[PDB]
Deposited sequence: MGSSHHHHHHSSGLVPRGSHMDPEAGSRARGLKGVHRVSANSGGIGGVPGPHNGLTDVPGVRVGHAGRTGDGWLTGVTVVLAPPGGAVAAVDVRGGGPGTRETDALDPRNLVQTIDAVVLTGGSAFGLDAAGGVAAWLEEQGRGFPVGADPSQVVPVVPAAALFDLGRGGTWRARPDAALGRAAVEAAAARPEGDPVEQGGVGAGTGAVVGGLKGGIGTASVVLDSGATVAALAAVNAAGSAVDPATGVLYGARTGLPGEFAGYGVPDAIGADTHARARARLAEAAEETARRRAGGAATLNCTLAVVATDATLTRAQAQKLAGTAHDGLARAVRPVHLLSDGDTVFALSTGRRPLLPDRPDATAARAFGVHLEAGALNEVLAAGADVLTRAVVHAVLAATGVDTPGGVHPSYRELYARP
């Protein structure tokens, strides 16, 4: 079997043709950004499963399987909560300039780009409340995506939409993971982790998602397999100290909005309804990495994409068996991407928040 191992860079771009671009702003009151996932020319089949309704989503109805538009070119993940939906307008503008979208005239230039987006809440985490992504920052992210080659490693940690992300008080960020199936298809995920709940078991200090990891994939980040009780006691204390200082700096505790965002992709061919099932099932991966999840503050959104390059099959239900492998992998790559995000993060300390990273607490 060739399956059960990560793709070449262990990330979303291991699905051939997919590109990822980040643009962000840090310093001078800012700590936010945008991440765009750009499908190859011709677009990808796409679907979505939103739990908790943002706020801050755009064009999610267009991805119903009943609807006219058959493929899309870009998904936008952004900071700035609802205001940061403004970034998607800059992505749509770029796509129109490229002639990419739903064709609405005999002239190839006349297109309507369907650009789904979801936002996460990071307001004020740089220090300046009104410092949120705008159209120009969204354009910058999709231009960054377009400038990369196929199969380019994805930057993780405090970049793009992950720049101002926080999970359970710890610094969150962007993370990504992939897996090759025995069929040779690749399933992968990219997450911007910003949840209310914890990625860490409060009894032990172990990352919830770690036991879903593939063998050795986290070795490069340098955390011990056994966490000492004393280390964990000190980490809990430091996190409470950061949380109390954050609440003083924000003149109030922890925001009542979080919102954690993901894209799962595969090159196995899926119908739109199969992609919708994948987006739903991939939420399970989030549950295995973070607890609790899907609270009222958690506007969690997962988009699913298929580039349609490989057939699913290269009292016996063979198609169902093949889809089940993709569905199971979709959850797993999301759990794994959340762990990568938490490990890739480095901590921040600004006038809008003090958020140490997991490794600053547990690897040191």
What's missing from the model if you number the deposited sequence from 1?
1 to 43, 358 to 368, 419
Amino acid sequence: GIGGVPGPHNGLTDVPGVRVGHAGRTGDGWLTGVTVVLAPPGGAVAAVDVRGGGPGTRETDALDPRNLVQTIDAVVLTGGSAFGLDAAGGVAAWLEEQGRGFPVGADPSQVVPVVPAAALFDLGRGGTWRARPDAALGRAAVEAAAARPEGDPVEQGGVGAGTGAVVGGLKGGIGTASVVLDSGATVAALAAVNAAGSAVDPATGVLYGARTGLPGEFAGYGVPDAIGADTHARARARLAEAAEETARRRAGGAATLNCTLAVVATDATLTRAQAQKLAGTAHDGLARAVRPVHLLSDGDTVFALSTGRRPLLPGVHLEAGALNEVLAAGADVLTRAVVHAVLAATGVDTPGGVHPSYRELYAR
From here on, numbers count along this sequence of modelled residues.
Mind pulling up the entry and telling me whether 13 to 21 or 336 to 344 has the higher mean Cα temperature factor?
13 to 21
146 to 154 versus 262 to 270 - greater average Cα B-factor per the deposited record
146 to 154
Listed options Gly126, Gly173, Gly79, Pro202: highest C-alpha B factor recorded at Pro202
Going by the deposited entry, which of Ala106, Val114, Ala165, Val290 has the highest CA temperature factor?
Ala106
Select lowest, middle or highest to describe the third in which the CA B-factor of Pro65 falls within its chain in this entry.
middle
Quick one: classify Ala88 as lowest, middle or highest third of the chain based on its Cα B-factor.
lowest
Using the B-factors in the PDB entry, rank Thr32's C-alpha atom against the chain and give the third, lowest, middle or highest.
lowest
What third of the chain, by the recorded C-alpha B-factor, contains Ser297?
highest
Ordered by C-alpha B-factor within the chain, which third holds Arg248? Give me lowest, middle or highest, please.
highest
